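Some notes on the structure that comes next.
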Amino acid sequence: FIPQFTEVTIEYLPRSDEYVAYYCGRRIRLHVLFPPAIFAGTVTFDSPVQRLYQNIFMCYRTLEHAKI
Amino acid sequence: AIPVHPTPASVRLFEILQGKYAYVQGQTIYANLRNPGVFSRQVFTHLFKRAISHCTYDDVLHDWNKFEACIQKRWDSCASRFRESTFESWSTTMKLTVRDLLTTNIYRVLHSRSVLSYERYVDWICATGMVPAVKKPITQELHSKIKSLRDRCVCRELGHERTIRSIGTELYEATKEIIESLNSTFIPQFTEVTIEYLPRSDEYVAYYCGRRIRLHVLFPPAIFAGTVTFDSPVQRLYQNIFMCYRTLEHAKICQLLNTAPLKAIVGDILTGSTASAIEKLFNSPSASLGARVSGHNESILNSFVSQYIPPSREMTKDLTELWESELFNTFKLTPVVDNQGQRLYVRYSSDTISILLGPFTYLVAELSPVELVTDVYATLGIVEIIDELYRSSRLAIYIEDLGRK
Amino acid sequence: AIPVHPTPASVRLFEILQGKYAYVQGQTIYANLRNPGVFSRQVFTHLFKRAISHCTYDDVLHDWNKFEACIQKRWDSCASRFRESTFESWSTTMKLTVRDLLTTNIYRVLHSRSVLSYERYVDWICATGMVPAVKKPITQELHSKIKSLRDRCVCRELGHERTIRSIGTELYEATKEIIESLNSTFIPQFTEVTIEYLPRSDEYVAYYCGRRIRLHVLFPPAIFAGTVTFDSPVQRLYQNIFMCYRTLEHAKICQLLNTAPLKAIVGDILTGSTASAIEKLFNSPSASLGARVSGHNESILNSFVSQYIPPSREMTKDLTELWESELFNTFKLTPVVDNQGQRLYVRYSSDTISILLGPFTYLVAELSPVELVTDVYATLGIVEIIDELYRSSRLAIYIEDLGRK
């Protein structure tokens, strides 16, 4: 089974680094492929979309700015 | 002792691995060489080569003899061309019967969990020219994922071919020798480990979990008396990337500061009913702009207006092909293109596997008996390289030896 | 005594090896000739030649004789073309069974830790025309990294081929003489060592940890009474690169200085809610600009406005092809291109290996018996040069001598 995103969540513990899935209150199995960069202030994911992320948000900002 | 990893300038360099500060179209090709899979192709054709090498000629000639003994009880002068045709079909199903079982077992052993990641490798060498070589002693996964009968369940058929009964077992134990070497090794992430260099009696010391771990210099970084610079593809573009980031945020700053339609000096929003959307921002203070002099006695003689657009997308566009030229040059990437093709098939070269997986598979990964590959070993289909290996294999040359009787 | 290395102008010159001050698309091609691996091609095909030469014709002819003795117990008038075909397949597996042996062993000895690097050489010659030749006496790593049986356990098989049992040992011990010569030598970095010139009774002095080291002039510098100039590729561009850097930082200065939309004379930001983003910088003092007259009695008769954009990207664009022409010319680089190709395959030439690896492998490296390569020795694949060497190799001409019986 693969779920959607909007009602399940995923948890990472930095201390003794593992990852914990959750859906209806249980830890479910998981598979790392692209492990994210956890800095002390934020976590960014090595992903195709987050390699574009703030450029897409910049384009959104200037488009709403243009309509403003 | 002077730090290498967790310095602010070095982690500013390590950020461009991801896209957090600046990103252009040319940086899309950076993940293209960051694609793993060329490493799987490496070990994939290597252990096919290891399987096809240890075969003997005497195991297959009496196999063809017993194959003819099978067909004589099922089926004189016409039997000459009958035996030629049934040997031709026997060669075709020989290629088939090696290909099917081999691609099952090898895609099974290959796509299990491997803690070694080429994805985790290629980002380091282009960032710093340094690799953290970690030897994780936990190696109890291979007997758990694939122990026995995976080579035996698929081959239990009528025709007891001793060729597969000799070679599948030898490759099956051989895969346990090769997956061991790769999952025993480890390349980590960057945001939690560190690398350290000392000036006096200079060595480079890798540190994760409080211990000196192995490592290899690949591109010797320049440590000046005030700063450290890494001979790296990314830091060769470093302040041009940061200058483009600066002028882009500068451009949006001036764009966001000149939004008033009129300049005075003192002496749900995205979609809605446009009539009310007029009202919801006309009362807003975004419309007005009255600039100020600090001193009230301080007076102004004259005033001028100049909105200014800095060439933002012009500064992005040339830095795209800046990235393109640099990652075509220091990593040999030949774009396989059509007539006026816009860079449709970006592929590894001959020498760029010698400069990426050349050091990788032999220095930071301790894979001794593996080889590098060709252009068409990596270009062609991953099952279409199997029969191409077969086209220059020891067994099929023995079969083409049998090709003339 | 006059300094050469640690002077401020020459370390400004040594910086542009890396990307710290100015960088354009033309300087991407600098890493392409900075790529090592062509040096591995050098020692690769040289030890190939040292392997393939030391055969005897008498070894392979009786090897074919015993090979026929093997096949007569396994398999009359048809035996004529049978013996022709089995010799053809025997030549094919002869190429195969030398090739897999050499491909393992020579990639194994090839990708060792080599403290000599082409990367540390090519930057030094193009910077100043001078290389420091260091003879570092520790040479104990070869016996530890490779001792015995790496040439043997791969060939421990049924057919005791005396061709590999004669030639693999000699190529094995030959690598022990060749990797010794390269790892005995040393080319250093720049940021810790220095080069020094005495004008009086002129020689050049090298230094690392207080000793005069060996060294080799290649492009003799111009030593004037005020400064030193080096006949080099990068110092032939030096103040043009600095001029482009100066006008680019000046361009950013004027761009940052004319950001105000309105000119008075006295007398989180990257992404956010744009309605609040207006508010966060309109109150900021970046918006206003009131220009100053120094004297309060000093009055102003007339006042002007002129924003000015200097041609920044224009100054980058011609200097790109400035770098391209210089690194196409003083290092002979022939771009293998397609019809209207955008410089897709930038490759070493015939004569540029004689001007770079020519002096390298023979003057600072004391690799005496090694040879240079062809165009198609460096162009073609590192496994596809094996069979091309085989197409003109003494063993395979002896097999083509056997090609007619």
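Ordered as shown in the structure tokens, chains take letters A, B, and onward, while each chain numbers its residues from 1 and ligands are numbered from 1 in the order shown.
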
Neighbours of chain C in chain A at 9 Å, counting only C-alpha atoms, as an mmCIF file with N, CA and C atoms, in the first residue's frame:
data_model
loop_
_atom_site.group_PDB
_atom_site.id
_atom_site.type_symbol
_atom_site.label_atom_id
_atom_site.label_comp_id
_atom_site.auth_asym_id
_atom_site.auth_seq_id
_atom_site.Cartn_x
_atom_site.Cartn_y
_atom_site.Cartn_z
ATOM 1 N N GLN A 54 12.483 27.655 -4.369
ATOM 2 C CA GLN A 54 12.347 29.093 -4.228
ATOM 3 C C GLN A 54 12.378 29.819 -5.562
ATOM 4 N N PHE A 57 8.676 29.700 -6.164
ATOM 5 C CA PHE A 57 8.048 30.682 -5.289
ATOM 6 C C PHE A 57 8.387 32.108 -5.694
ATOM 7 N N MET A 58 9.572 32.333 -6.262
ATOM 8 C CA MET A 58 9.910 33.653 -6.774
ATOM 9 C C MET A 58 9.029 34.012 -7.958
ATOM 10 N N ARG A 61 5.638 34.840 -6.619
ATOM 11 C CA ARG A 61 5.669 36.149 -5.984
ATOM 12 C C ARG A 61 5.652 37.264 -7.010
ATOM 13 N N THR A 62 6.430 37.134 -8.083
ATOM 14 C CA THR A 62 6.424 38.213 -9.058
ATOM 15 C C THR A 62 5.171 38.198 -9.915
ATOM 16 N N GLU A 64 2.023 37.403 -8.700
ATOM 17 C CA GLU A 64 1.019 38.074 -7.881
ATOM 18 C C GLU A 64 1.379 39.538 -7.682
ATOM 19 N N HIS A 65 2.679 39.843 -7.641
ATOM 20 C CA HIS A 65 3.143 41.222 -7.613
ATOM 21 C C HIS A 65 2.759 41.969 -8.880
ATOM 22 N N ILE A 68 -0.775 42.725 -8.752
ATOM 23 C CA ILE A 68 -0.975 43.781 -7.759
ATOM 24 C C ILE A 68 -0.732 45.150 -8.377
#

**Asked** Could you name the residues that touch stretch 25-30 of chain A at 12 Å or less, counting only C-alpha atoms, but leaving out those on the same chain fewer than 2 positions away, as a ChimeraX atom specification?
**Response** /A:1-3,7-12,18-23,32-33 /B:113

**Request:** Identify all chain B residues at most 7 Å from chain C by counting only C-alpha atoms; ligands do not count. Present them as number ranges by chain.
**Result:** B: 222-224, 231, 235-237, 239-240, 249, 254, 256-258, 286, 291-292, 298-308, 322, 325-326, 329-330, 334, 350, 354-355, 359, 362, 368-369, 371, 374, 394, 397, 401, 404

**Request:** Name the residues in contact with residue B:131 at a cut-off of 12 Å, using only C-alpha atoms, excluding same-chain residues fewer than 4 positions from it; report them as JSON, numbers by chain.
**Result:** {"B": [5, 118, 120, 121, 122, 123, 124, 125, 126, 127, 186, 187, 188, 189, 190, 193, 194, 195, 196, 204, 205, 206, 207, 213, 214, 215, 216, 217, 218, 219, 220, 359, 360, 363, 364, 365]}

**Request:** Write down as a PyMOL selection string the residues of stretch 156-357 of chain B whose backbone DSSP state falls under helix (DSSP H, G or I).
**Result:** chain B and resi 162-184+235-257+274-282+312-329+351-357

**Within 7 Å of residue A:36 using only C-alpha atoms, minus same-chain residues under 2 positions, as a list in words** =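 Final neighbour list, sorted by chain and number: residues 34, 38, 43, 44, 45 and 46 of chain A.
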